[PDB]
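So the structure is just underneath, and the comments pick up after that.
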Amino acid sequence: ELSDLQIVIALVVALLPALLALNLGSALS
Amino acid sequence: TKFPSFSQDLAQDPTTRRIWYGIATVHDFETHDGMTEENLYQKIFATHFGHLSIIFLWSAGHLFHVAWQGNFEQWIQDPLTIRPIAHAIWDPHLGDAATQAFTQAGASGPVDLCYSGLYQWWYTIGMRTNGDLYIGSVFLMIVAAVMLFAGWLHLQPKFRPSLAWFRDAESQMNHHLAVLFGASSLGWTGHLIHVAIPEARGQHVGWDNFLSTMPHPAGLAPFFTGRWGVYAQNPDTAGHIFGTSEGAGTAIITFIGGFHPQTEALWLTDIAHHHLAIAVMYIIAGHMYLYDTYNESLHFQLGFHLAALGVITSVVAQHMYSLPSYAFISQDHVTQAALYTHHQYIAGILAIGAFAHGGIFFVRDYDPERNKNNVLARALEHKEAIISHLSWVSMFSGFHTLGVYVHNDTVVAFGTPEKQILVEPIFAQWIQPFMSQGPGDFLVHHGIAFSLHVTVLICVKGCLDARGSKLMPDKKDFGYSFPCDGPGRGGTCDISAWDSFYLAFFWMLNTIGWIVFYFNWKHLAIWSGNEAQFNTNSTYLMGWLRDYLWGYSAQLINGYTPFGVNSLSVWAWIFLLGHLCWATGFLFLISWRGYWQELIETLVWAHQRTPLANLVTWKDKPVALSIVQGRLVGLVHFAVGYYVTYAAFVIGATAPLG
Amino acid sequence: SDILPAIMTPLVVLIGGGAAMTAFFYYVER
Amino acid sequence: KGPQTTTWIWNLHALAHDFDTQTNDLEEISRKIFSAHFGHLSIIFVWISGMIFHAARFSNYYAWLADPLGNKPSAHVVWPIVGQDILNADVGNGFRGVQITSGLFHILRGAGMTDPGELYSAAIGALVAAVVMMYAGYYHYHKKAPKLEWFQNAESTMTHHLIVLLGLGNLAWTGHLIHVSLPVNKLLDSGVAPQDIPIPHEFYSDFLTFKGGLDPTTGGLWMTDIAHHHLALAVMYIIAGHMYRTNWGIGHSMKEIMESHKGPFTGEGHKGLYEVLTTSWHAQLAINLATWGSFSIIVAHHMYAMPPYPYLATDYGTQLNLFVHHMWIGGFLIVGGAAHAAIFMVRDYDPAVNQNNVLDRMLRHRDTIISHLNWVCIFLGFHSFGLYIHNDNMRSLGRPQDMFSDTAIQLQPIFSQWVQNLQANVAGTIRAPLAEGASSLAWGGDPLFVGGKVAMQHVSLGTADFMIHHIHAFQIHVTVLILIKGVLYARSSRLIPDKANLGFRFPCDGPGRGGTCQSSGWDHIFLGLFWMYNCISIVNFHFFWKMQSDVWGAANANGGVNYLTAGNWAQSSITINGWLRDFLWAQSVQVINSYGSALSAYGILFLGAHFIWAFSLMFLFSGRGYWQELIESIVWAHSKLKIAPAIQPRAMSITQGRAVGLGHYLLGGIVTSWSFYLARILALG
Ligand code: CL7
Ligand code: CL7
Ligand code: CL7
Ligand SMILES: C=Cc1c(C)c2cc3nc(c4c5[nH]c(cc6nc(cc1[nH]2)C(C)=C6CC)c(C)c5C(=O)[C@@H]4C(=O)OC)[C@@H](CCC(=O)OC/C=C(\C)CCC[C@H](C)CCC[C@H](C)CCCC(C)C)[C@@H]3C
Ligand SMILES: C=Cc1c(C)c2cc3nc(c4c5[nH]c(cc6nc(cc1[nH]2)C(C)=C6CC)c(C)c5C(=O)[C@@H]4C(=O)OC)[C@@H](CCC(=O)OC/C=C(\C)CCC[C@H](C)CCC[C@H](C)CCCC(C)C)[C@@H]3C
Ligand SMILES: CC1=C(C/C=C(\C)CCC[C@H](C)CCC[C@H](C)CCCC(C)C)C(=O)c2ccccc2C1=O
Ligand SMILES: CC1=C(C/C=C(\C)CCC[C@H](C)CCC[C@H](C)CCCC(C)C)C(=O)c2ccccc2C1=O
Ligand code: SF4
């Protein structure tokens with residue numbers, strides 16, 4: 001019921017907090 | 001070696017202690033080298049955005065997985081026979097037998113049944129398609145992106161909040177009460193009225209048609225003028241089926257009371273009313289709105305907030321099974337047991353955490369001069385008294401409860417159950433959603449009473465004696481966590497305040513264990529119709545061992561047999577994993593550092609003297625874990641074991657029953 | 001993207017765990 | 001001197017028997033020790049009198065002796081006061097009493113005692129033996145302390161204790177056997193009533209054979225074979241005792257033999273060991289307890305496989321109770337052996353005496369030994385327990401074909417299987433010749449049936465048996481690792497070079513060097529006791545489940561046995577879930593359902609043992625610190641009320657906390673298993 005377009009967009013969005021987590025982590029170190 | 005950057009004491013440790021103590025102290029920002037209170041609060045501030053981003057990506061995962069891999073649609077169609085699904089299993093290690101067995105709840109491939117009442121919660125709050133969930137998920141990833149972006153921006157000196165913004169705690173308290181709690185409460189009533197209740201009454205509200213839709217026909221006219229009457233419209237008929245037009249009312253705010261019969265849950269209208277009321281009260285109190293110490297110490301603040309979240313999550317557990325607010329969750333027994341046990345164990349963790357940071361406060365932050373005759377000063381003034389009283393009520397409640405249970409065991413064993421000391425819970429009868437409190441319930445309540453007493457006995461003897469005692473007058477010197485003062489004065493093992501948190505975690509687990517044991521046995525009895533079994537057998541301890549533990553284990557431990565696997569295989573296995581983990585805790589709790597340090601010396605010898613192997617060597621001289629790390633790893637094993645074993649058992653006990 | 005499990009799981013557990021353990025190793029040994 | 005702190009009371013009880021501490025001279029010490037040994041022998045004589053007395057006075061002995069298959073031994077009647085009457089069981093023929101499992105009755109029948117007069121005579125005989133042994137101790141200590149020279153006379157003492165006791169005791173007993181026991185048992189098998197059999201005062205291939213296997217009537221070994229065996233040993237021991245040198249020019253001097261034995265590898269060899277053995281009690285207690293323990297363990301295996309006494313095989317309750325009792329005594333003694341080896345190494349070890357002898361060479365390569373034991377323990381750990389884990393994962397993953405089992409991947413214990421074929425098929429005319437049959441059916445046998453019950457049968461060996469054997473090897477090596485490490489590092493380590501000085505028991509050398517908790521030899525015995533418990537727990541479980549799944553049972557219509565657990569060992573003992581389900585869960589049904597029955601007491605002790613065990617975690621998991629802090633708050637509450645005691649109340653020593661932790665852990669765990677075994681085998685077997 002969930003289409004591949006949607007699965008990909010979800011991943012691409014999730015990539016954003018990933019980068020920002022790397023950034024915040026670096027900061028807090 | 002560089003790591004840990006923050007602690008040079010450790011960074012110059014030539015041993016493996018440097019890596020362990022690093023990881024152990026990596027979040028005690030206070031103790032970092034050259035940490036000024038200003039930077040401390042700023043660092044803390046940014047970390048919190050990290051935590052919240054995690055909680056949101058966690059929630060995001062829930063929604064993403066249930067959307068993609070769940071059976072949420074099929075379940076909304078048949079919410080009483082369809083087992084709701086948590087996520088797919090991809091595991092290259094499963095045999096065909098186990099893939100077949102985990103292929104359940106009409107899923108193509110192997111899945112994990114959900115037992116967090118997430119399906120129920122989402123159905124209740126209006127989500128009806130995988131799209132609603134997928135959007136929730138992508139939304140929540142973006143929220144987390146924003147929260148991460150925020151922590152980054154904040155720690156950037158551009159928007160780095162100075163000590164001012166944190167010294168303004170009073171403002172933060174009022175803001176929390178109103179701007180956060182009140183505002184979000186009525187915002188949530190917004191959601192309820194606009195989406196939850198409609199979708200409950202069979203009317204689809206999307207983000208694109210709720211602007212179009214009005215919750216109440218009489219809505220605008222009632223708003224600001226005669227709001228109470230119009231809002232209390234035709235109440236939803238008992239006939240009403242959740243998510244259908246059939247028997248759908250129109251009332252958005254009510255005080256109907258009791259439970260919707262189809263879903264056996266609190267009326268959405270009653271919840272919306274509740275939240276509106278809560279919002280009004282909170283906002284009003286906000287407008288309307290130990291001081292020294294609380295503002296001074298962040299430990300005092302967390303401690304207070306942990307004790308707070310402690311009681312809150314306890315009541316959440318107590319209320320969320322008695323007063324189900326989610327559709328069909330009352331009928332889903334495994335989920336309700338799971339959630340109760342979950343929230344009660346988290347309750348006990350937050351509670352003991354309160355007393356932990358209590359003791360940290362008393363060894364890092366409490367200045368006796370600063371507060372001349374405060375509550376805390378008076379508390380310490382007669383420690384020996386507070387402790388002697390808690391001691392007494394512990395020995396009293398204990399001796400008598402154990403004595404009575406043992407008396408009952410003995411006489412019942414001797415085949416004279418008549419002679420049992422069955423005490424009726426009269427006050428429980430007086431007060432009494434509420435289930436029959438018999439003499440079993442009485443004895444267990446007193447068990448729990450006693451255990452909660454001994455827990456607070458311990459985790460206050462801790463936070464009071466933290467400053468010192470006759471055995472060690474100056475503990476504040478050595479701090480919260482330290483091994484001992486040596487074998488000096490008859491011996492001082494486990495004299496630290498941290499040691500009291502350690503000794504009290506055991507009691508916290510015993511206490512919550514008695515709580516959730518009682519919960520789950522009572523409920524399994526009722527959910528099998530043999531409430532008689534609980535009532536008759538709960539009065540002697542063999543009844544708990546034979547009927548609760550022995551009796552409800554059978555399904556679980558047959559999860560995998562030589563004959564074959566069933567769906568409970570993974571739980572049988574987790575059950576054992578938890579026994580192993582628990583017991584492994586005994587390795588570290590019982591065997592103490594010196595044995596190991598000698599052994600590891602010999603292994604260092606063998607390595608250095610073995611050809612081919614000697615070519616590589618440690619950078620960090622291997623050493624046995626520290627005294628305290630032994631206690632900590634012991635306790636984490638014991639705890640993790642305890643939780644995992646019981647979680648397995650809760651699931652495996654309830655799942656076959658349903 | 002039915003297969004995304006069979007890619008994401010080894011990637012995260014084996015490759016990511018490996019890379020994480022390698023990185024943490026460098027981190028605590030440098 | 002004075003009792004100032006509560007610790008004094010504890011210390012009193014602790015070091016009361018530490019003669020080494022209380023005294024300075026081997027003379028006064030050896031006197032105390034000899035006197036005590038007498039005291040102790042009297043305690044055992046009292047106890048033996050008690051057993052034969054209870055068998056006489058409060059027993060179904062005579063009924064049993066009449067019809068063993070029918071009756072169940074019960075020499076233990078309980079006074080009815082609080083409704084404990086129920087513990088008295090219907091053991092048959094209307095006798096109501098606690099079904100005893102000691103096998104006393106089998107002992108007496110084997111001794112050929114059929115007369116109530118005879119049994120009372122035996123009781124009073126043993127009781128006067130007690131009355132004289134305690135007085136003998138008093139005489140030899142107070143009246144007439146013995147001489148140091150006598151003690152150090154190990155060659156005399158050997159010759160004596162080996163002919164006077166072993167050779168002569170075996171001849172004496174073979175007399176008592178062939179004359180009293182053997183013909184009485186023959187008559188009782190022929191069916192002569194107990195009353196009909198004559199009293200003792202009234203009074204070579206026929207009575208001495210090499211039949212092997214079991215008497216198919218009694219189920220025991222042919223008492224002909226017993227007589228011949230004991231005679232054989234009498235012969236052997238008479239000779240062997242003649243092979244030493246006491247107060248004459250004839251024999252081998254031990255010191256000569258010892259010092260002779262050196263070699264390339266062992267440097268100066270045994271030179272100095274005679275000296276330490278003679279001068280050090282602890283060295284003797286070490287060697288002895290180690291061999292005594294090892295003996296109890298051989299006892300356990302031998303008595304189940306070659307059930308000596310008549311009808312014992314059929315009595316599954318005794319066969320189990322005796323295997324398990326002897327295993328416990330074995331493990332406990334082996335560990336006390338290690339203990340006293342460590343106490344020796346700390347106290348009674350002189351570098352002067354031991355100089356490049358085998359003992360010094362041990363201490364000099366003690367890291368290679370600990371390191372290698374460490375390795376073999378990790379290895380065995382993984383390749384025993386890890387094979388069970390493997391199987392738990394494979395079976396739970398529904399990949400039974402990937403498991404270690406008789407099916408799928410197979411670990412056949414071929415060495416053992418081979419020895420088994422070599423003992424079953426090799427009956428006669430190999431090495432020691434003219435053996436009519438196998439020493440036991442365990443090697444290879446079709447089930448011998450005494451009544452419905454299988455007396456003894458081929459104890460098979462498959463993957464389950466390879467696995468559990470490696471589990472035993474693993475746990476014994478870990479226990480050796482802990483114990484040999486506590487011995488060889490009792491004097492010193494890289495961590496604490498002055499451990500000898502810190503003592504045998506000391507809680508630690510304080511928190512430095514990373515922490516030195518439990519670094520003493522005593523602390524090694526502490527940890528060794530938990531591993532001996534884990535080891536013997538699993539040996540007793542291996543016995544119980546293998547016996548009751550593969551050996552014991554009932555003969556039905558068909559030749560086939562109705563095994564107690566129906567052969568689930570082969571497939572269920574190869575996973576931990578197997579053990580949890582098909583052993584502890586499945587088989588605890590008797591003990592948990594024992595309330596309001598004969599076996600209710602086993603139910604209560606199952607619970608109470610669970611409680612004592614959990615309670616010991618209070619001691620093992622916590623430290624003296626917390627307790628002394630709390631104790632002093634409680635004292636403040638007695639001070640307020642002017643109840644504060646004269647003897648200041650002190651939290652127990654660090655070492656005492658550990659010792660009681662361990663005591664309660666052991667008592668709880670052992671009693672728990674005991675309850676479970678008894679309930680299951682009294683009810684089912
Ligand atoms: C892209 C959106 C996404 C999110 C938000 C998400 N997952 Mg999944 N994810 C899993 C857990 C999970 C958790 C615990 C979790 C909660 O944060 C999430 N996920 C969340 C396991 C069920 C399974 C494991 C394989 C594996 O993990 O898949 C890769 C998952 C990724 C790309 C999502 C990464 C995003 C998470 C937000 C990161 C969370 C970080 C955390 C907050 C920081 C603290 C660390 C902590 C340890 C202290 C999995 C799957 C999987 C996928 C995919 C595509 C995803 N996911 C996707 C997501 C598998 O194929 C695959 C699946 O199909 O399996 C059949
Ligand atoms: C459990 C009770 C407890 C709670 C709930 C709690 N703390 Mg403390 N707490 C902190 C903050 C804090 C925050 C922000 C917080 C939020 O609510 C809490 N705490 C809460 C920091 C001030 C400070 C920093 C702590 C510290 O620096 O944190 C770093 C420690 C880390 C990275 C390792 C933690 C590893 C986990 C233990 C084990 C997880 C097991 C896992 C599930 C795997 C299972 C496998 C699988 C089968 C599932 C801290 C203290 C400390 C303690 C103690 C005992 C506590 N706490 C206790 C608690 C210190 O001594 C210690 C201290 O330094 O005192 C002097
Ligand atoms: C547990 C293994 C062990 C064994 C089998 C063993 N010892 Mg030692 N042992 C001695 C001799 C000895 C003898 C003669 C002997 C004979 O078999 C043994 N031992 C055996 C003494 C020389 C010497 C002192 C003896 C001395 O301390 O013993 C006095 C008696 C004591 C305190 C009572 C202990 C009570 C038990 C805890 C409870 C057991 C009872 C029963 C199970 C049922 C429970 C009762 C019920 C009410 C619940 C000794 C040492 C000592 C130790 C230790 C650890 C041991 N041992 C250990 C053992 C010293 O510290 C200690 C020492 O101080 O080091 C030198
Ligand atoms: C079965 C498990 C178990 C029991 C029974 C137990 C027992 C108790 N723990 C106490 C405390 C604690 N326990 C602590 C840590 C732990 N305790 C643990 C496990 C237990 N602890 C574990 C695993 C830990 C982590 C180390 C701490 C840190 C404390 C306390 O401060 C607290 C305390 O001391 O409070 C003052 C007491 C709490 C009840 C009380 O005050 O008096 C009630 C007494 C009870 C319920 C047991 C009594 C047993 C019986 C009645 C005694 C008589 C039995 C026989 C007649 C005795 C004679 C036997 C001879 C004949 C052989 C009590 C002594
Ligand atoms: C379940 C409880 C428990 C476990 C598992 C345990 C484990 C062990 N104890 C050992 C020793 C000891 N234990 C001691 C005191 C105690 N030990 C206790 C309880 C335990 N001790 C308790 C309660 C005490 C207090 C008395 C002492 C005093 C010693 C030793 O000297 C001895 C030792 O160190 O010898 C060297 C080791 C035996 C040698 C070995 O390495 O075997 C191999 C490891 C085993 C059997 C544990 C599980 C291994 C399984 C197969 C997992 C395989 C690994 C997988 C790949 C999992 C990895 C997962 C990651 C990828 C995340 C081993 C680490
Ligand atoms: C078993 C045991 C040990 C020995 C256990 C040790 C030393 C831990 C063993 C090492 C574990 C297996 C992990 C270390 C190796 C990992 C491979 C490290 C990976 C992380 C690196 C990047 C740092 C103790 O040190 C000890 C100390 C105090 C009380 C009880 C005990 C105790 O019970
Ligand atoms: C509980 C506990 C204690 C406290 C336990 C004590 C002090 C036991 C001693 C008290 C008992 C009750 C002995 C009996 C005292 C007198 C005999 C009282 C008279 C009793 C009459 C009524 C008969 C420790 O001292 C300790 C030390 C080291 C590690 C762990 C622990 C530990 O766990
Ligand atoms: S923690 Fe270890 S070192 Fe410290 S007092 Fe206790 S036993 Fe001694």
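Just so it is clear: chains get the letters A, B, ... in the order the sequence lines come, proteins before strands, and each one is counted from 1. All values below come from the heavy atoms of this structure, side chains included, with hydrogens, waters and symmetry mates left out.
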- If you count heavy-atom pairs under 4.5 Å between each of B:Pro562, B:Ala554, B:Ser391 and chain D, which one has the most? B:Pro562

- Identify which of D:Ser588, D:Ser371, D:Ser396, D:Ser600 forms the greatest number of heavy-atom pairs closer than 4.5 Å to chain B. D:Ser396

- Message: Under a 4.5 Å cutoff for heavy-atom pairs, which residue among B:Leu471, B:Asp91, B:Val412, B:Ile557 has the most contacts with chain D?
- Response: B:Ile557

- Task: Pick out which of B:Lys461, B:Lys470, B:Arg489 makes a salt bridge (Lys or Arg N to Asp or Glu O under 4.0 Å) with D:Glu629.
- Result: B:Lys461

- So which of D:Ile370, D:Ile576, D:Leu607 has the biggest tally of heavy-atom pairs under 4.5 Å with chain B? D:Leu607

- Item | chain D contact via B:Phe588 - side chain, backbone, both or neither, heavy atoms under 4.5 Å | neither

- Identify which part of B:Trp605 has an atom lying under 4.5 Å from any heavy atom of chain D, answering side chain, backbone, both or neither. side chain

- Side chains of D:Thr655 and D:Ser653: is there a donor and an acceptor less than 3.5 Å apart? no

- Query: Between D:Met652 and D:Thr7, is a side-chain contact (heavy atoms from CB on, under 4.5 Å) present by the stated rule, with each step listed?
  - Reply: CA-CA 6 Å; D:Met652 306 183 314; D:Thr7 314; over 6 Å; no

- Query: Out of D:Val82, D:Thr575, D:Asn568, which one racks up the most heavy-atom pairs below 4.5 Å with chain B?
  - Reply: D:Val82

- Examine whether an atom of B:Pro483 lies under 4.5 Å from a heavy atom of chain D, and if so say whether it belongs to the side chain, the backbone or both; otherwise answer neither. side chain

- Output all residues satisfying side chain to side chain donor-acceptor pair (under 3.5 Å) with D:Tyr533, sequence neighbours left out; order by chain, then residue number. none

- Note on the structure: Ranked by heavy-atom pairs below 4.5 Å to chain D, first place among B:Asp499, B:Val406, B:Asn558 goes to B:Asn558

- Tell me, side chain or backbone of D:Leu620 under 4.5 Å from chain B's heavy atoms, or both, or neither? both

- Any donor-acceptor pair under 3.5 Å from D:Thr516 side chain to D:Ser519 backbone: no

- Message: Any heavy-atom pair between the side chains of B:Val623 and B:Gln597 that's under 4.5 Å?
- Response: yes

- Query: Do D:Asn393 and B:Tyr560 have side-chain atoms, one donor and one acceptor, less than 3.5 Å apart?
  - Reply: no

- Item | When B:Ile458, B:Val411, B:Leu556 are compared by non-hydrogen pairs under 4.5 Å with chain D, the top option | B:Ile458

- Task: Specify which of D:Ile604, D:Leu580, D:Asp509, D:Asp392 makes the most heavy-atom pairs with chain B at under 4.5 Å.
- Result: D:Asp392

- Have D:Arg494 and D:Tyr489 got a donor and an acceptor in their side chains that come within less than 3.5 Å? no

- Message: Quick check on B:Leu503 against chain D: is it the side chain, the backbone, both or neither that has a heavy atom closer than 4.5 Å?
- Response: side chain

- State, without any angle test, whether D:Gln656 and D:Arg505 hold a side-chain donor-acceptor pair at a distance under 3.5 Å. no

- Message: Under 4.5 Å from any heavy atom of chain D, what part of B:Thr416 do you find: side chain, backbone, both or neither?
- Response: neither

- Query: Should the pair D:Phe619 and D:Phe615 be assigned to parallel (<30°), tilted (30 to 60°) or perpendicular (>60°) ring geometry?
  - Reply: perpendicular

- Scored by heavy-atom pairs under 4.5 Å with chain B, the best of D:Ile496, D:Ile482, D:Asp582, D:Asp523 is D:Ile482

- Query: Which bit of B:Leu545 comes within less than 4.5 Å of chain D, counting heavy atoms only: side chain, backbone, both or neither?
  - Reply: side chain

- Side chain from CB out, backbone as N, CA, C, O: work out which of these in B:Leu402 comes under 4.5 Å of a heavy atom of chain D, or both, or neither. side chain

- Query: Is it true that the NZ or CZ of D:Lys485 lies under 6.0 Å from the centre of B:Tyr595's six-membered ring and within 45 degrees of the ring axis?
  - Reply: yes

- Item | Main-chain N/O of D:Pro507 paired to D:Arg658 side chain as donor or acceptor, under 3.5 Å | yes

- Message: Looking only at heavy atoms and a cut-off of under 4.5 Å, which of D:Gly657, D:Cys517, D:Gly623, D:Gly486 has the most pairs with chain B?
- Response: D:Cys517

- Note on the structure: Okay, D:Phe506 and chain B: the region with an atom under 4.5 Å from a heavy atom over there is neither

- Counting heavy-atom pairs under 4.5 angstrom with chain D, the leader among B:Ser591, B:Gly634, B:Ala97 is B:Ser591

- At a heavy-atom separation under 4.5 Å, does B:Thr15 approach chain D through its side chain, its backbone, both, or neither? neither

- Task: Look at B:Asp409, B:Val565, B:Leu94 and state which one has the largest set of heavy-atom pairs under 4.5 Å with chain D.
- Result: B:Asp409

- Task: Count the heavy atoms of every other residue, nucleotide or ligand shown that sit under 6.0 Å from NZ of B:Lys419, and state whether that count exceeds 12.
- Result: yes

- Segment of D:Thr368 engaging chain B (4.5 angstrom heavy-atom cut-off): both

- Note on the structure: Turns out that what part of B:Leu576 lies under 4.5 Å from chain D's heavy atoms comes down to side chain

- Which bit of B:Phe638 comes within less than 4.5 Å of chain D, counting heavy atoms only: side chain, backbone, both or neither? side chain

- With a 4.5 Å heavy-atom cut-off, do B:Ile387 and B:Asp465 have their side chains touching? yes

- Task: Indicate yes or no: at least one non-hydrogen side-chain atom of D:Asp85 is less than 4.5 angstrom from one of D:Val78.
- Result: no

- Query: For B:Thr561, is it the side chain, the backbone, both, or neither that has a heavy atom closer than 4.5 Å to a heavy atom of chain D?
  - Reply: both

